[PDB]
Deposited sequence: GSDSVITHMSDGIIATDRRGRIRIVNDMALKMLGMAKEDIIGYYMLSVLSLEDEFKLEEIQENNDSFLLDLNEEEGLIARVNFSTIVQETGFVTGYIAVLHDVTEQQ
């Protein structure tokens, strides 16, 4: 489940970030101009212990000062079945 206060990142099929909201920028402590175009998993420092193909029901703890945040992933799929992209949802751990 997603909330209004969550960070959101969306990518193309190759995992490059195309959309990121201001809350995600706040949580990551980055500027948009330094995020767009780059690989999501790399931006999140999950580069090794995870890859796109594998996106699962599990939430994960993200290193962030700042916070920790918990993140869950999903795929963007067409009717043809084809995965056209990916979404990360970043939750403040003290959400509630």
property: Non-modelled portions of the deposited polymer sequence, in sequence order; result: 1-5, 61-62, 72-74, 107
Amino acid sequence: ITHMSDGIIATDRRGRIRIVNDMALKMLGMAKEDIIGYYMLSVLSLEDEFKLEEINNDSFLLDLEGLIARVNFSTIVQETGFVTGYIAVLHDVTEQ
From here on, numbers count along this sequence of modelled residues.
property: Mean C-alpha B-factor comparison - 73-81 and 20-28, higher one; result: 73-81
property: Chain thirds of CA B-factor: placement of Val93; result: lowest
property: Cα B factor band for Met40 (lowest, middle or highest third within the chain); result: lowest
property: Cα B factor band for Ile1 (lowest, middle or highest third within the chain); result: highest
